[PDB]
Amino acid sequence: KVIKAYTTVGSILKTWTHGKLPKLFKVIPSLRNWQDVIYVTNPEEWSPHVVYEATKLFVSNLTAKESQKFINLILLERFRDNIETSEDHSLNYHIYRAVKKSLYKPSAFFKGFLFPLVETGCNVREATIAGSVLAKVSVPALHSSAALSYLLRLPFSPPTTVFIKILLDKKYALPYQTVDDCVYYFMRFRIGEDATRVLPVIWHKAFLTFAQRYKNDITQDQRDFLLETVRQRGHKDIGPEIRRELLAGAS
Amino acid sequence: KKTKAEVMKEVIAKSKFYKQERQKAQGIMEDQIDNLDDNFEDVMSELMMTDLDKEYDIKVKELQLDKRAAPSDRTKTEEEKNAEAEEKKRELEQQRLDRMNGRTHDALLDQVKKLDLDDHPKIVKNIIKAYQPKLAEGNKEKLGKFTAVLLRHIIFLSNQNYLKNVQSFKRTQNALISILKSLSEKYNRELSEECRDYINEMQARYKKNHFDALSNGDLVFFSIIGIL
RNA sequence: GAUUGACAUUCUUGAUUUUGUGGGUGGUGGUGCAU
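The rules behind these values
- Residues numbered from 1 in each chain as written, not as in the entry; some residues may be left out.
- Chains lettered and ligands numbered in written order.
- Part of a larger assembly, values for the part shown.
- Heavy atoms only, no water.
- Residues with missing side-chain atoms left out of burial classes, pairs and counts.
- Helix = DSSP H or I, 4+ residues; strand = E, 2+ residues; numbered from the N terminus.
- Rg over C-alpha atoms; globule rule 2.2 N^0.38 Å.
- Buried < 20%, exposed > 50% of the residue type's maximum accessible area, 1.4 Å probe, protein only.
- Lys, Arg positive; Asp, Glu negative; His and termini not counted.
- Charge placed at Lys NZ, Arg CZ, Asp CG, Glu CD.
- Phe/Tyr/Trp six-rings, centres within 6.5 Å; stacked < 30°, edge-to-face > 60°.
- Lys NZ or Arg CZ within 6 Å of the ring centre and 35° of its normal.
- Contact = heavy atoms within 4.5 Å.
- Nonpolar A, V, L, I, M, F, W, Y, C, P; charged D, E, K, R; others polar.

Okay, the overall build of chain B next. Helix and strand content of chain B: 10 helices and 0 strands. Going from N to C terminus, chain B has its helices and strands arranged as α-α-α-α-α-α-α-α-α-α. Taking 228 residues into account, the globule formula puts the C-alpha radius of gyration at 17 Å, and chain B, at 35 Å, lies well above it. Projected onto the principal axes, the alpha-carbon positions of chain B cover approximately 95 × 65 × 50 Å.

Turning to the overall build of chain A, a few remarks are in order. What chain A contains, in helices and strands, is 13 helices and 0 strands. Ordered by position in the sequence, the α and β elements of chain A form the string α-α-α-α-α-α-α-α-α-α-α-α-α. Referenced to the eigenvectors of the C-alpha coordinate spread, the extents of chain A come out at roughly 70 × 35 × 30 Å. When each of the 251 residues of chain A is scored for burial, the buried share is 45%. For chain A, the distance from the average site of its 35 positive side-chain charges to the average site of its 24 negative ones is 7 Å.

What follows is about the packing of aromatic side chains. Residues and elements named next belong to chain A. With 5.7 Å between their ring centres and 55° between their planes, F110 and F115 make a pair best called tilted. Here the aromatic rings of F156 and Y185 are separated by 6.1 Å at their centres, their planes lie at 10°, and the arrangement is stacked. Within this pair, whereas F156 is found in the loop between α8 (141-153) and α9 (158-168), its partner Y185 is found in helix α10 (residues 176-188), the two being separated by 29 residues in sequence. If you follow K171 out to its NZ or CZ, it ends over the ring of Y214, 4.6 Å from the centre.

The subject of this paragraph is the interface of chain B and chain A. Opposite the 37 residues of chain B that make contact, chain A presents 34 residues. Of all the secondary structure elements, the ones that give two or more residues to the side of chain B that touches chain A are α1 (2-35), α2 (42-45) and α3 (51-65) of chain B. It is α1 of chain B that contributes the most residues to the side of chain B that touches chain A, 8 residues altogether. Looking at the side of chain B that touches chain A residue by residue, the classes come out as 14 nonpolar, 7 polar and 16 charged.

Before going further, it helps to examine unusual backbone geometry. Of note, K171 of chain A is a non-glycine position whose phi angle comes to about 60°, a positive value. Along the chain, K171 of chain A falls in the loop between α9 and α10.

Here it is in structure tokens:
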């Protein structure tokens, strides 16, 4: 059995407000039984303050395995319960700054939150919220490139399109792998998903914000299939500006 | 009674919140003082002693091996360029109207580039400028120094011997003044000190000599500060 | 040896670096339209 003051810890951390932390729950990294002891605290109840400081300590002791241990079982879905139960869909500043303290360790943050957020239950409104809180703060650059790679090789969902759209108005300095990833994104949307889907203004603005300055590793056959891209997908807001970036880009 | 209702209800819920926060802090303190190192009894009885992830790490390592870049910072139209150009023109013209109404250590550049005649001098200046400001992670004193050295350098160059290649002099001093103004647009606050000291020292030149300390580089000195 | 967790000084995290040079404003927004 465990030493079992965790009834008292759970009772105070249900409606914790302000102050200092129990130091067994501060040095819960350096004891070998952290998941097996939170499995008997069972904090389905939560305070948002202890969400924030607990994910601070959880970043202080998260790897791939530890991120699978705590964040991919109950805390991500607790964030999901918060967004569905918030009736005006007001995910709090508590939860947001918990995510911003959570975003630090980039070792397996992909499997930490971006792998299980494309599981189910991700609508376009939760998607633009998650892309907003991603575009707010500091990011790993090479893992942003790798993220664009795997989320573009992932199946087609408008949450993933607004995700990748925010990751491309990040205004990066693009590697060859992601430039080839975007030209096979055009090869992915063809007559692909032109007869099986139609793509309105949101998809339009996504690839227009790609073509704004994401053209500096593009040769002339790539210019040609972007030319027939806009020739196939002719909207009203394409002509002068995408012709301008076609005459603006280089090799 | 309305103000007493508001005051009474707020004081009641405030005392409730204070009692609850004091109880939670007391619970944290007591649970700490009975479970911090008192869990050393349970620290020994009950103990406990990736393909897609490798794909993501492979893409990360591949971008770490080879990447490329993105042109420049933005995308906008030449109509917006003309709008911002007229905006900067109108702002600076009204600001000038309102103002009217109310590497090298002064001989190291000589020792370095005292080799060729005229065309290579501007190239060596541009090479020193490419040396400093590209890798400028701390380059400010060397920066402002070689601005001052370029000013003093055209001062001790402008009237030496101009009956050798006159048109090469003319093109290299015109190019030197263009590159001086174009670099010193961002740097006024190091060049103007040196111009002030040059004023203060040519006054002392005139203080002794009746006229013949007025070297004929002072004319183009006045001309180039009237340029910048 | 960068930064992270600090058992008040001395060890359990590892490039998220760190510093400059620059620079994008920052969207959990209200208001007709089909709901």
